[PDB]
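Heads up, the thing below is written out as structure tokens.
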Amino acid sequence: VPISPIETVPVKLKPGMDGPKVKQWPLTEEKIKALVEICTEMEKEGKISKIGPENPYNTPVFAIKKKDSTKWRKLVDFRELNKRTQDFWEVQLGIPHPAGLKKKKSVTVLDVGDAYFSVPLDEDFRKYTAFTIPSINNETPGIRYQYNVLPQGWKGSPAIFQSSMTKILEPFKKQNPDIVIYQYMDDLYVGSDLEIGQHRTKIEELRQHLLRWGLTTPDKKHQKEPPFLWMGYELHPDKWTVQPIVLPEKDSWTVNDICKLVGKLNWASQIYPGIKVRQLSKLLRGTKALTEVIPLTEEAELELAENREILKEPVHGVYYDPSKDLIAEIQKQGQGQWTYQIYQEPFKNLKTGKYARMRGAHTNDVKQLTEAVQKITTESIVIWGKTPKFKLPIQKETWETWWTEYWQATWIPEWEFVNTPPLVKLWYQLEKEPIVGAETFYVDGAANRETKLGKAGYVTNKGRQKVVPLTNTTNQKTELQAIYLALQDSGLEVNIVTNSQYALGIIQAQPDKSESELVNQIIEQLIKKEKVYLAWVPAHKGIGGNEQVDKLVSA
Amino acid sequence: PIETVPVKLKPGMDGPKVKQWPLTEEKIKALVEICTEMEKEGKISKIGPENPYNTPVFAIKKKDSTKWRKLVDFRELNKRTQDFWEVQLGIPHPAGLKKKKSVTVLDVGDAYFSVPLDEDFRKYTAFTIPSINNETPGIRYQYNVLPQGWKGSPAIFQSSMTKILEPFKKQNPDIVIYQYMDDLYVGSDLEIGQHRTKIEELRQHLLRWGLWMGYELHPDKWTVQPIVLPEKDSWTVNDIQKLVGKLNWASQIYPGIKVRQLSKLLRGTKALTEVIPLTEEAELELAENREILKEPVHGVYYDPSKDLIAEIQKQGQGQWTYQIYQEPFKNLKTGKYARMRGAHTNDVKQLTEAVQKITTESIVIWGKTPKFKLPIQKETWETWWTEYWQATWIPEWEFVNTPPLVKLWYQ
DNA sequence: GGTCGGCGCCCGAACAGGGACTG
DNA sequence: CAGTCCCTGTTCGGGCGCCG
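Order-wise, the sequence lines are chains C and D. Taking the deposited numbering, the leading residue of the first sequence gets 0, the next gets one more, and so forth. Here the second sequence stands for residues 4 to 214, 229 to 428, numbered as in the deposited numbering.
This is the structure in structure tokens:
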């Protein structure tokens with residue numbers, strides 16, 4: 000067997016474990032013909048070699064159809080191999096995005112062939128890549144091969160190819176520094192600001208530099224004229240857009256279906272602004288069978304129809320211009336949902352997106368807005384390496400009020416206010432000092448761990464009082480209920496004294512939404528008030544009426 | 004031609020496997036230039052995917068410095084080699100360093116590039132350089148010399164360092180010199196003028212052996242933040258309720274605290290804004306409790322076998338309080354920072370500055386870095402903290418969310 | 001078909017750590 | 001006292017998309 004022009008990556012197994020020894024699956028007669036035809040072709044080219052009984056290893060093998068071609072792809076079920084091989088550190092840290100490309104004079108795209116089959120495997124590792132090819136007869140012993148290149152299906156094949164490919168491009172990139180080469184596996188986006196004459200020369204220089212290592216650049220996959228098909232997009236000299244997305248039109252929707260629907264809606268949200276998957280993801284909660292057919296709710300059918308209405312119109316993105324600033328603007332789409340657009344010139348979106356994660360049982364719009372800014376910041380640094388300037392639907396004074404008074408550290412990068420309703424605001428403000436002339440409510444609540452019964456009420460300085468029996472409750476729900484009562488039976492200005500750190504920690508965080516209906520009722524009463532002062536006192540210390548109301552709600 | 008000191012991980016543990024976070028453009032361009040240069044000087048060499056280990060990498064600019072500096076987050080590697088730099092080749096901590104009138108820090112990380120690393124240990128010093136928009140896959144390297152920011156580097160170089168410092172320690176015996184990581188702490192009771200000159204004498208004393230920085234500290238002027246009670250002449254119900262709650266919380270630190278006579282002032286269901294006169298038994302319980310807060314807590318002392326822990330509280334208006342302890346309510350030191358960089362505009366910058374000051378103080382006093390309890394959400398911190406870091410070490414931290422209880426540490 | 005790697009989303013289940021009360 | 005229970009937050013396992 001000849002020597003391959005690329006240096007080989009030494010691969011070991013995990014210490015103490017032997018190679019795989021698994022029996023072959025029974026294969027359909029149409030797949031055996033496709034395998035023997037492709038096996039017999041690859042041993043002629045030096046990519047697989049025969050092995051005898053001295054190889055005690057074996058692993059299953061099969062084949063799937065190629066998309067839009069009569070050719071078959073050979074895949075090996077290396078699940079038992081991959082368990083015992085050494086771990087690899089993948090060098091693909093993410094996926095490039097067209098919004099990060101810069102306008103270049105000339106653009107060229109190519110795709111090499113038999114990529115994994117043009118890179119050799121380590122000599123001492125080929126023995127563990129032994130597999131059997133079942134013949135048309137079950138009594139035939141079958142032909143046993145071992146791989147000489149990176150087997151499609153092994154966990155180290157992508158990792159080894161990406162690193163070997165970069166090593167071959169380094170000498171070219173070192174000689175041609177002004178040439179931009181986006182390397183993602185077998186696809187090479189090449190662009191330069193050189194004139195179109197000396198462009199094609201450097202292209203030819205690359206196709207010959209890659210040829211010296213057994214990497215073929217077929218003219219079938221060579222692309223010299225716009226538009227270019229790169230990473231599933233359409234690159235034009237001034238704009239770009241995704242390749243057409245097709246949503247299913249099922250009359251009867253299954254769970255799995257929603258998942259392909261939801262998956263493509265998230266993929267479309269990167270340039271199609273305003274995609275919502277709130278009501279469609281509400282169909283995937285608490286379901287067990289990927290196939291338990293599920294009827295679409297009224298809110299989900301509306302959400303689907305809106306999304307179909309956004310996909311009819313054509314949209315496109317632009318490229319990144321380093322000379323001008325990066326801008327990102329956010330809107331409050333719905334309750335728990337957010338959208339944003341990143342651009343440099345008005346209405347010329349580099350890309351869009353959405354954020355809708357519910358973090359915590361109690362939150363407000365300001366928290367979610369801060370979470371959204373951070374998600375945009377990280378994503379922007381991935382693609383452009385810088386933080387955009389932000390246009391936020393929150394008043395400057397609103398944000399200044401929040402971050403200065405919040406006990407956690409919180410911050411938003413350089414931003415400016417944009418008057419786009421609905422505006423994010425704080426729905427209520429707790430006073431910092433007790434209110435003069437306002438009735439003072441000493442609240443408490445308790446419950447029984449066994450009976451699940453409890454009381455909750457208050458005692459005031461004007462003699463007012465209430466105690467309410469509660470069934471199927473906890474100690475925490477009662478201390479919250481006691482505050483709800485004081486809010487109901489008080490005027491517009493009220494002072495409230497509790498001994499509940501749990502209740503006080505939730506309210507001071509100024510939430511406007513909650514998963515607990517009792518909190519939402521407390522919020523609704525807090526918005527109706529003009530001035531509210533909360534205070535904490537230690538319990539069981541004989542403080543004011545807090546000990547008097549502790550003895551009333553004891554049982 | 005120097006012999007390599009053999010190093011091994013702690014038993015039954017693999018190398019670090021931490022993903023590289025996204026980096027800005029100004030950082031990636033700085034790492035490329037440095038790494039190609041360090042590759043050209045043979046300090047590092049490119050590797051491949053067969054190395055399953057990786058450590059995050061980013062760049063910093065020290066306070067009032069224009070040149071970039073490569074920094075590696077070997078916190079995970081240092082946790083996994085802890086038995087080396089503590090048992091075999093430990094460094095003593097001079098208890099007199101914190102008593103000096105002026106202490107100066109010097110980055111000596113460039114010297115570690117002169118000593119080769121153990122061949123079998125280079126596999127764990129692996130790191131990856133990302134690219135903007137993932138243009139190219141990760142450009143991986145590994146260290147072929149003593150890496151900056153690794154706990155095992157100053158321990159191997161300790162024998163070489165002491166021999167360089169002996170001619171200077173002999174001429175100046177009253178000068179205290181401590182080495183922690185890539186930094187060198189030199190403290191002296193000399194006047195500020197002749198102190199800086201002796202620093203330059205050292206600097207040229209290290210330039211002749213194959214090695229520059231400057232950051233001055235004054236540990237004798239480090240103050241602590243005690244728990245203080247208000248001196249009001251007219252007390253309202255709310256004032257007394259806040260006072261009892263704060264004194265009740267302080268009772269976990271000073272057991273001698275009593276709130277019996279003050280709670281008696283809170284018997285009736287009175288309005289919060291109503292003015293209450295202090296009884297004679299309460300005015301004495303208040304004055305006695307003020308004296309207990311002047312006394313030091315009984316039974317507090319540093320334990321070298323225990324890990325330090327630091328808590329930070331945001332007090333607003335650029336005020337930040339902190340406490341260092343090993344066992345709860347046994348605070349080795351308390352304090353308060355005000356007017357740091359980014360006050361009144363950035364809380365992450367202030368929180369980043371406060372951690373650095375606290376860590377620096379922990380190195381001067383005990384020679385350890387505390388594990389921080391940061392008052393910030395995890396996602397907020399991990400997004401911005403690298404933009405304000407100006408130090409060669411990185412402490413450990415965790416994220417807490419303790420609602421303000423009462424104002425124990427700030428009036 | 002039921003290969004590999006990367007990144008993203010959505011969900012639930014398992015994990016985990018602190019507070020109040022009881023044991 | 002040490003044990004729960006109540007609550008809340010995080011981490012991971014598993015589905016889809018997209019790319020190769």
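Just so it is clear, CB atoms sit at the ideal spot from N, CA and C, and this is done for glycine as well.
- Looking at the backbone, the Cα of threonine 403 (chain D) and that of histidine 96 (chain C) are separated by about 24 angstroms.
- Here DSSP, grouped into helix, strand and coil, assigns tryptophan 239 (chain D) to coil.
- With its beta carbon at least 8 angstroms from every one in chain D, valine 417 (chain C) lies outside the interface.
- Around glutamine 480 (chain C), the same chain offers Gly444, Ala455, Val467, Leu469, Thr472 and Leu517 as residues with beta carbons nearer than 8 angstroms, after the five sequence neighbours per side are excluded.
- In the DSSP annotation of this structure, the continuous segment of the beta strand (DSSP E) that includes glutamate 413 (chain D) starts and ends at 413–416.
- In terms of Cβ geometry, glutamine 23 (chain D) and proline 133 (chain D) form a close pair [threshold 8 angstroms].
- Bridge partners of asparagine 447 (chain C) according to DSSP: none are assigned.
- With a 10 Å radius around the Cβ and a threshold of 16 neighbouring Cβ atoms, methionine 164 (chain D) comes out buried.
- Rounded to whole angstroms, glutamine 394 (chain D) and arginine 307 (chain D) show a C-alpha spacing of 36 angstroms.
- Taking all protein chains in view, the Cβ of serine 379 (chain C) is crowded by 16 or more other Cβ atoms within 10 Å, so the residue is classified as buried.
- Contact annotation: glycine 190 (chain C) and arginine 277 (chain C) have beta-carbon atoms that are not nearer than 8 angstroms.
- The contact set of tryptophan 229 (chain C) on chain D, defined by CB atoms closer than 9 angstroms, is empty, because the minimum CB distance reaches about 13 angstroms.
- Counting C-beta pairs with one atom in each stretch, the segment 342–353 of chain C and the segment 410–421 of chain C have fewer than three that are closer than 8 angstroms, which means they do not touch.
- Taking C-beta separations shorter than 7 angstroms and ignoring five residues to either side along the sequence, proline 176 (chain D) has no partners in its chain.
- By the Cβ rule, the segment 353–360 of chain D does not count as touching the segment 414–423 of chain D, because fewer than three pairs are nearer than 8 angstroms.
- If you check each beta-carbon in the segment 134–156 of chain D against every beta-carbon of chain C, the ones closer than 7 angstroms belong to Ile135, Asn136, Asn137, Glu138, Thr139, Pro140, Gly141 and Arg143.
- In this structure, the beta-carbon distance from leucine 260 (chain C) to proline 247 (chain C) falls below 8 angstroms.
- Its chain contains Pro59, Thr131 and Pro133 as the residues whose beta carbon lies nearer than 6 angstroms to that of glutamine 23 (chain C), once the 5 sequence neighbours on both sides are disregarded; these appear in chain order.
- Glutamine 197 (chain D) is classed as exposed because its beta carbon has fewer than 16 other beta carbons within 10 Å across all chains shown.
- When the beta-carbon positions are compared, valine 254 (chain D) and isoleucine 293 (chain D) come within less than 8 angstroms of each other.
- At the C-beta level, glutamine 151 (chain D) and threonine 409 (chain D) come within 8 angstroms of one another.
- Pairing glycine 213 (chain D) with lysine 385 (chain C), the inter-Cα distance amounts to about 38 angstroms.
- Note that the C-beta distance between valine 423 (chain C) and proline 387 (chain C) is not below 8 angstroms.
- Not one beta carbon of chain D lies nearer than 8 angstroms to the beta carbon of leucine 120 (chain C).
- Fewer than three Cβ pairs drawn from the segment 88–104 of chain C and the segment 59–78 of chain C lie within less than 8 angstroms of each other, which leaves the two stretches out of contact.
- If only uninterrupted beta strand (DSSP E) runs of at least 3 residues are considered, those enclosed by the segment 19–92 of chain D are 47–49, 60–63 and 72–75.
- DSSP, read as helix, strand or coil, puts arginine 143 (chain C) in strand.
- In this structure, the beta-carbon distance from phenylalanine 61 (chain D) to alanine 158 (chain D) does not fall below 8 angstroms.
- For the segment 79–96 of chain C, the set of residues with a beta-carbon nearer than 8 angstroms to any beta-carbon of chain D comprises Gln85, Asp86, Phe87, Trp88, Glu89, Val90, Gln91, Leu92, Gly93, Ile94, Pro95 and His96, in chain order.
- Going by DSSP, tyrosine 501 (chain C) is part of the alpha helix (DSSP H) stretching over 500–506.
- Collapsing the DSSP output to three states places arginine 72 (chain C) in a strand.
- Per DSSP, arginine 307 (chain D) is not a residue of any beta strand (DSSP E); the alpha helix (DSSP H) it occupies stretches across 297–309.
- Using a Cβ distance threshold of 8 angstroms, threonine 84 (chain D) and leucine 12 (chain D) count as a contacting pair.
- Contact of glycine 316 (chain D) with chain C is not assigned, every C-beta pair being separated by 8 angstroms or more.
- Taken through DSSP and simplified to helix, strand or coil, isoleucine 522 (chain C) comes out as helix.
- For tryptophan 398 (chain C), the closest alpha carbon among the candidates C:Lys390, C:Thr377 and C:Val365 is that of C:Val365.
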